[PDB]
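*Asks:* Right, I'll just put the structure down here and ask away after.
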Amino acid sequence: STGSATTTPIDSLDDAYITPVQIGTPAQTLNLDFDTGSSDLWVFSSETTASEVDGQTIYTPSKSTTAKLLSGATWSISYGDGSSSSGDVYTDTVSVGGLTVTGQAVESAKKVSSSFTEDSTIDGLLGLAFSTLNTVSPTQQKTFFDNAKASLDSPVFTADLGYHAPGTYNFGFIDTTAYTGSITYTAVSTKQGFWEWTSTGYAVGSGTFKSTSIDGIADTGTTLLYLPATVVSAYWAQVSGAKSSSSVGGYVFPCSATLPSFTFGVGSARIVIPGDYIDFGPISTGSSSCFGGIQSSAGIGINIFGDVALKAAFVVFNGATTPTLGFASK
Ligand SMILES: N[C@@H]1CO[C@H](CNC(=O)c2ccc(F)cc2)[C@H]1O
(Lines of atoms letter the chains of each structure in order from A and count residues from 1; the text may use other names and numbers.)
(Lines give C-alpha, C1' and ligand atoms only; values in the text may rest on other atoms or scores of the structure.)
Protein backbone atom coordinates (compact mmCIF):
# COMPACT_ATOMS: atom_id res chain seq x y z
CA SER A 1 0.00 0.00 0.00
CA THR A 2 0.87 3.69 -0.25
CA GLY A 3 -0.49 7.05 0.85
CA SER A 4 0.03 10.61 -0.39
CA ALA A 5 -1.26 13.77 1.27
CA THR A 6 -0.71 17.46 0.71
CA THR A 7 0.70 19.46 3.61
CA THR A 8 -0.03 23.21 3.84
CA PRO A 9 1.63 26.07 5.77
CA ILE A 10 -0.63 27.34 8.57
CA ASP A 11 0.37 30.95 7.91
CA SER A 12 2.44 33.26 5.73
CA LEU A 13 5.66 32.48 7.65
CA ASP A 14 5.54 28.66 7.43
CA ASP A 15 5.36 28.43 11.24
CA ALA A 16 4.03 24.89 10.83
CA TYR A 17 2.35 22.64 8.29
CA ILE A 18 -1.01 20.88 8.50
CA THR A 19 -2.09 17.71 6.73
CA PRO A 20 -5.67 16.42 6.55
CA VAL A 21 -6.21 13.12 8.36
CA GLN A 22 -9.36 10.98 8.32
CA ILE A 23 -10.32 9.52 11.72
CA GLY A 24 -13.21 7.19 12.47
CA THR A 25 -16.34 5.95 10.72
CA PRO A 26 -17.83 7.96 9.11
CA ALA A 27 -14.59 9.89 8.59
CA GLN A 28 -13.90 12.93 10.71
CA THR A 29 -11.23 14.98 8.96
CA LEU A 30 -8.82 16.85 11.21
CA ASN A 31 -5.81 18.91 10.16
CA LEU A 32 -2.81 17.55 12.02
CA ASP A 33 0.77 18.73 12.44
CA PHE A 34 2.96 15.84 11.24
CA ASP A 35 5.84 15.80 13.70
CA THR A 36 8.93 13.66 13.11
CA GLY A 37 10.19 14.84 16.52
CA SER A 38 7.47 13.17 18.61
CA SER A 39 5.51 9.93 18.65
CA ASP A 40 1.96 10.64 19.83
CA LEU A 41 -1.07 11.02 17.58
CA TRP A 42 -3.30 13.31 19.64
CA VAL A 43 -6.33 15.39 18.75
CA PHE A 44 -8.62 18.09 19.99
CA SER A 45 -11.80 16.29 20.92
CA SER A 46 -15.26 16.36 22.43
CA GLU A 47 -13.41 15.66 25.71
CA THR A 48 -11.17 18.73 25.55
CA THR A 49 -11.85 21.33 28.26
CA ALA A 50 -14.25 23.76 26.57
CA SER A 51 -12.32 26.89 27.53
CA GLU A 52 -9.21 25.44 25.87
CA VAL A 53 -10.85 24.97 22.47
CA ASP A 54 -10.85 28.01 20.16
CA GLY A 55 -11.68 27.28 16.53
CA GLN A 56 -10.16 23.80 16.20
CA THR A 57 -12.02 20.94 14.61
CA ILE A 58 -12.64 18.24 17.20
CA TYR A 59 -12.75 14.45 17.09
CA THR A 60 -15.94 13.04 18.63
CA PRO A 61 -15.35 9.35 19.33
CA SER A 62 -19.01 8.74 20.26
CA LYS A 63 -19.90 9.52 16.63
CA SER A 64 -17.46 6.96 15.25
CA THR A 65 -18.73 3.40 14.98
CA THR A 66 -15.17 2.07 14.91
CA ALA A 67 -13.92 3.97 17.97
CA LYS A 68 -13.14 1.93 21.08
CA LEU A 69 -11.95 3.30 24.40
CA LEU A 70 -8.51 1.92 25.21
CA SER A 71 -9.38 0.96 28.75
CA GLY A 72 -7.21 2.56 31.42
CA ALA A 73 -4.85 4.27 28.99
CA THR A 74 -3.77 7.85 29.54
CA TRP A 75 -1.18 10.09 27.92
CA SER A 76 0.67 13.26 28.78
CA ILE A 77 3.27 15.03 26.73
CA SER A 78 5.42 18.11 27.10
CA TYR A 79 7.26 19.46 24.08
CA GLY A 80 10.62 21.21 23.87
CA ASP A 81 8.99 24.63 23.62
CA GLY A 82 7.17 24.13 26.91
CA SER A 83 3.79 23.36 25.37
CA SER A 84 1.82 20.34 26.58
CA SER A 85 -1.33 18.25 26.35
CA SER A 86 -2.83 15.16 27.99
CA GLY A 87 -5.90 12.94 28.03
CA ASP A 88 -7.18 9.44 27.40
CA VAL A 89 -7.00 7.10 24.43
CA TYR A 90 -9.22 5.51 21.79
CA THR A 91 -8.36 3.14 19.02
CA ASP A 92 -9.92 3.95 15.66
CA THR A 93 -9.42 3.82 11.92
CA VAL A 94 -7.02 6.49 10.68
CA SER A 95 -6.33 7.29 7.04
CA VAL A 96 -3.71 9.58 5.52
CA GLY A 97 -3.84 10.29 1.81
CA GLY A 98 -5.48 6.95 1.03
CA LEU A 99 -3.37 4.85 3.42
CA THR A 100 -5.49 3.26 6.14
CA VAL A 101 -4.51 1.93 9.56
CA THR A 102 -7.09 0.12 11.68
CA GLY A 103 -6.74 0.10 15.46
CA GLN A 104 -4.55 3.22 15.54
CA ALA A 105 -4.18 4.78 18.99
CA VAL A 106 -5.90 8.16 18.79
CA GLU A 107 -5.04 10.14 21.90
CA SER A 108 -7.93 12.35 22.91
CA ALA A 109 -6.96 15.61 24.62
CA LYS A 110 -8.68 16.50 27.86
CA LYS A 111 -6.21 19.36 28.45
CA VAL A 112 -4.03 21.42 26.11
CA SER A 113 -1.68 24.30 26.92
CA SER A 114 -2.33 27.85 25.77
CA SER A 115 -0.17 27.73 22.64
CA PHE A 116 -2.31 24.90 21.23
CA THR A 117 -5.54 26.72 22.10
CA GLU A 118 -4.23 29.84 20.39
CA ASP A 119 -3.41 28.00 17.18
CA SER A 120 -6.84 27.63 15.59
CA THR A 121 -5.38 25.94 12.50
CA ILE A 122 -3.88 22.88 14.22
CA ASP A 123 -6.34 20.18 15.31
CA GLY A 124 -3.67 17.93 16.79
CA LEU A 125 -0.33 16.23 16.12
CA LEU A 126 0.63 13.08 14.27
CA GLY A 127 3.95 11.86 15.63
CA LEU A 128 6.42 10.21 13.27
CA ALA A 129 9.46 9.71 15.50
CA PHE A 130 10.14 6.26 16.92
CA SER A 131 7.42 4.56 18.96
CA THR A 132 9.75 4.28 21.97
CA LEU A 133 8.89 7.95 22.64
CA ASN A 134 5.12 7.38 22.74
CA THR A 135 3.70 8.57 26.06
CA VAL A 136 0.66 6.31 26.43
CA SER A 137 0.59 4.55 29.81
CA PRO A 138 0.51 1.81 30.99
CA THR A 139 0.76 0.30 27.50
CA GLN A 140 2.91 2.26 25.05
CA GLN A 141 1.32 2.67 21.62
CA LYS A 142 2.72 2.62 18.08
CA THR A 143 2.89 5.53 15.66
CA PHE A 144 0.82 5.65 12.49
CA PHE A 145 3.95 4.89 10.46
CA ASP A 146 4.93 2.01 12.75
CA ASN A 147 1.46 0.48 12.34
CA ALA A 148 1.41 0.99 8.56
CA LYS A 149 4.99 -0.08 7.88
CA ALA A 150 4.56 -3.78 7.15
CA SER A 151 1.72 -3.04 4.73
CA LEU A 152 3.63 -0.37 2.81
CA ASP A 153 5.25 -1.14 -0.55
CA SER A 154 8.48 0.11 1.02
CA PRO A 155 8.95 0.90 4.74
CA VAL A 156 9.50 4.63 4.18
CA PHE A 157 7.81 7.99 4.29
CA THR A 158 8.99 11.21 2.69
CA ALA A 159 8.67 14.88 3.60
CA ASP A 160 8.58 17.45 0.82
CA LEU A 161 7.78 20.72 2.57
CA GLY A 162 7.17 23.85 0.53
CA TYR A 163 8.52 27.35 1.02
CA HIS A 164 5.45 29.59 1.42
CA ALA A 165 3.61 26.88 -0.56
CA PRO A 166 2.03 23.44 -0.12
CA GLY A 167 4.09 20.27 -0.15
CA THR A 168 3.65 16.54 0.22
CA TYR A 169 3.94 13.66 2.68
CA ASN A 170 4.20 10.28 0.96
CA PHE A 171 4.04 6.88 2.63
CA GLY A 172 5.45 3.70 1.16
CA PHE A 173 7.15 5.03 -1.97
CA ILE A 174 9.74 7.50 -3.20
CA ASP A 175 8.47 9.91 -5.86
CA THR A 176 11.46 10.13 -8.19
CA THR A 177 9.95 13.16 -9.94
CA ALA A 178 9.95 15.20 -6.72
CA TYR A 179 13.69 15.92 -6.43
CA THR A 180 16.73 16.73 -8.55
CA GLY A 181 19.97 14.76 -8.70
CA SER A 182 20.41 11.87 -6.29
CA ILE A 183 19.26 11.12 -2.76
CA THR A 184 22.16 10.91 -0.31
CA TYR A 185 21.53 8.56 2.59
CA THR A 186 23.08 8.95 6.00
CA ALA A 187 23.08 6.89 9.20
CA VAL A 188 20.49 7.30 11.92
CA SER A 189 20.75 6.71 15.65
CA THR A 190 17.46 5.74 17.29
CA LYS A 191 18.97 5.77 20.79
CA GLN A 192 17.03 8.90 21.80
CA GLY A 193 13.92 7.93 19.82
CA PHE A 194 14.53 10.58 17.14
CA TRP A 195 15.58 10.63 13.51
CA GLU A 196 19.06 11.59 14.72
CA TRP A 197 21.89 11.95 12.24
CA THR A 198 25.21 13.74 11.79
CA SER A 199 25.67 16.53 9.28
CA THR A 200 29.14 16.79 7.79
CA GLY A 201 29.38 20.58 8.03
CA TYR A 202 28.19 23.92 6.73
CA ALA A 203 28.81 27.02 4.64
CA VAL A 204 27.51 30.56 4.88
CA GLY A 205 26.56 32.17 1.57
CA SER A 206 29.31 31.70 -1.00
CA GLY A 207 31.83 31.02 1.77
CA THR A 208 34.05 27.97 2.03
CA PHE A 209 32.57 24.77 3.43
CA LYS A 210 33.53 23.96 7.03
CA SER A 211 33.87 20.23 7.62
CA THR A 212 32.59 19.54 11.11
CA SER A 213 30.27 16.91 12.59
CA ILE A 214 26.91 18.29 13.68
CA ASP A 215 24.67 15.79 15.43
CA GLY A 216 21.00 16.69 15.25
CA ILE A 217 17.47 15.54 14.56
CA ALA A 218 15.31 15.81 11.48
CA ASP A 219 12.20 17.42 12.95
CA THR A 220 9.23 18.47 10.81
CA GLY A 221 7.44 19.66 13.95
CA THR A 222 9.94 22.43 14.74
CA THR A 223 9.84 25.65 12.72
CA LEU A 224 13.45 26.78 12.80
CA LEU A 225 17.00 25.51 12.34
CA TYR A 226 18.76 25.22 15.72
CA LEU A 227 22.53 24.77 15.52
CA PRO A 228 25.60 25.22 17.75
CA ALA A 229 26.30 28.78 18.84
CA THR A 230 29.58 28.88 16.90
CA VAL A 231 27.80 28.03 13.64
CA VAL A 232 24.95 30.43 14.25
CA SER A 233 27.30 33.29 15.14
CA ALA A 234 29.22 32.69 11.91
CA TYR A 235 25.98 32.92 9.94
CA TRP A 236 24.62 36.12 11.49
CA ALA A 237 28.03 37.81 11.34
CA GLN A 238 27.44 38.02 7.57
CA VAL A 239 24.26 40.07 8.07
CA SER A 240 24.88 43.76 8.79
CA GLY A 241 23.08 44.83 11.95
CA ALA A 242 22.12 41.32 13.06
CA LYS A 243 22.39 40.65 16.77
CA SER A 244 21.25 38.24 19.44
CA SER A 245 18.49 39.83 21.49
CA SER A 246 17.85 38.36 24.93
CA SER A 247 14.59 40.31 25.15
CA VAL A 248 13.28 38.91 21.87
CA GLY A 249 14.74 35.44 22.45
CA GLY A 250 17.22 35.00 19.62
CA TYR A 251 18.93 36.53 16.63
CA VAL A 252 17.14 39.40 14.95
CA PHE A 253 18.18 41.36 11.88
CA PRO A 254 17.19 44.54 10.03
CA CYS A 255 14.21 43.76 7.82
CA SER A 256 16.03 45.74 5.09
CA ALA A 257 18.81 43.12 4.97
CA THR A 258 19.43 40.58 2.21
CA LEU A 259 20.10 37.23 3.90
CA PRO A 260 22.83 34.87 2.70
CA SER A 261 22.08 31.24 2.03
CA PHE A 262 23.10 28.50 4.45
CA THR A 263 24.48 25.17 3.26
CA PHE A 264 24.55 21.97 5.31
CA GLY A 265 26.36 18.76 4.50
CA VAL A 266 24.82 15.33 4.08
CA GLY A 267 27.78 13.03 3.57
CA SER A 268 29.61 14.48 0.57
CA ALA A 269 26.36 16.12 -0.63
CA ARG A 270 25.20 19.66 0.09
CA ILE A 271 21.75 21.11 0.76
CA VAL A 272 21.43 24.85 0.18
CA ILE A 273 18.88 26.80 2.18
CA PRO A 274 18.12 30.05 0.30
CA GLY A 275 18.47 33.24 2.31
CA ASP A 276 14.80 34.11 2.19
CA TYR A 277 13.92 30.79 3.90
CA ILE A 278 15.71 32.23 6.94
CA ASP A 279 13.45 35.32 7.16
CA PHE A 280 10.64 35.00 9.70
CA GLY A 281 9.48 38.57 9.40
CA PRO A 282 8.91 41.44 11.81
CA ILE A 283 9.24 40.51 15.48
CA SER A 284 5.98 42.36 16.08
CA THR A 285 3.57 43.96 13.62
CA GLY A 286 5.12 47.04 12.02
CA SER A 287 8.61 46.45 13.41
CA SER A 288 11.69 46.86 11.22
CA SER A 289 13.45 44.17 13.25
CA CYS A 290 12.99 40.70 11.76
CA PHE A 291 13.31 37.30 13.43
CA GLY A 292 15.98 34.92 12.17
CA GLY A 293 15.31 31.37 11.03
CA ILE A 294 18.67 30.05 12.24
CA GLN A 295 19.02 30.10 16.02
CA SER A 296 21.31 28.72 18.69
CA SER A 297 20.64 25.27 20.12
CA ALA A 298 22.72 26.08 23.22
CA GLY A 299 19.72 26.13 25.58
CA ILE A 300 18.05 23.04 24.07
CA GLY A 301 20.55 20.22 24.50
CA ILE A 302 20.26 19.03 20.92
CA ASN A 303 20.62 20.44 17.40
CA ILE A 304 17.38 20.53 15.42
CA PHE A 305 17.07 20.43 11.65
CA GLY A 306 13.56 21.88 11.63
CA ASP A 307 11.39 23.11 8.78
CA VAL A 308 13.84 25.83 7.70
CA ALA A 309 16.34 23.10 6.79
CA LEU A 310 13.96 20.34 5.74
CA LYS A 311 11.91 22.48 3.34
CA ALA A 312 15.07 23.04 1.28
CA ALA A 313 15.18 19.27 0.63
CA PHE A 314 13.32 16.16 -0.38
CA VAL A 315 13.71 14.04 2.76
CA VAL A 316 13.39 10.27 3.04
CA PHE A 317 12.63 8.75 6.42
CA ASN A 318 13.67 5.15 5.82
CA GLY A 319 12.17 2.84 8.42
CA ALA A 320 14.00 -0.31 7.36
CA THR A 321 15.37 -2.63 10.07
CA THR A 322 18.31 -0.26 10.24
CA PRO A 323 16.73 3.17 9.69
CA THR A 324 18.46 5.82 7.59
CA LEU A 325 17.71 9.35 6.37
CA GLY A 326 17.94 10.51 2.78
CA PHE A 327 18.30 14.08 1.48
CA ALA A 328 18.01 15.37 -2.08
CA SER A 329 17.95 18.87 -3.52
CA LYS A 330 14.75 19.83 -5.30
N1 LIG B 1 7.23 32.97 14.11
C2 LIG B 1 8.47 32.52 14.81
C3 LIG B 1 9.31 31.62 13.91
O4 LIG B 1 9.39 30.36 14.60
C5 LIG B 1 9.24 30.63 15.99
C6 LIG B 1 8.92 29.34 16.72
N7 LIG B 1 7.74 28.66 16.22
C8 LIG B 1 6.54 28.79 16.80
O9 LIG B 1 6.36 29.56 17.74
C10 LIG B 1 5.44 27.93 16.28
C11 LIG B 1 5.66 26.58 16.03
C12 LIG B 1 4.62 25.77 15.61
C13 LIG B 1 3.39 26.32 15.44
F14 LIG B 1 2.36 25.52 15.06
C15 LIG B 1 3.13 27.65 15.66
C16 LIG B 1 4.16 28.46 16.08
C17 LIG B 1 8.17 31.71 16.05
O18 LIG B 1 8.32 32.52 17.21
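What you see of chain A is 90-419, where the numbers are those given in Swiss-Prot.
Backbone N, Cα and C define each Cβ position, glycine as well.
For reference, Swiss-Prot lists these features for the protein:
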ACT_SITE  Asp124  active site
ACT_SITE  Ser288  active site
DISULFID  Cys344-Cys379  disulfide bond
DOMAIN    106-417  domain 'Peptidase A1'
*Asks:* Consider the recorded positions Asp124, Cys344, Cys379 and say which one has the Cα lying nearest the Cα of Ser288 (active site).
*Replies:* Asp124
*Asks:* Roughly how many Å lie between the Cα atoms of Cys344 (disulfide bond) and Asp124 (active site), rounded to a whole value?
*Replies:* 30
*Asks:* To the nearest whole angstrom, what is the C-alpha distance linking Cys379 (disulfide bond) and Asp124 (active site)?
*Replies:* 26
*Asks:* Other Cβ atoms within 10 Å is the metric here; tell me which of the disulfide-bonded residues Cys344, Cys379 scores highest.
*Replies:* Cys379
*Asks:* Let me check the 10 A CB neighbour count of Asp124 (active site). How many other CB atoms are there?
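*Replies:* So the number of other Cβ atoms within 10 Å of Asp124 (active site) is 21.
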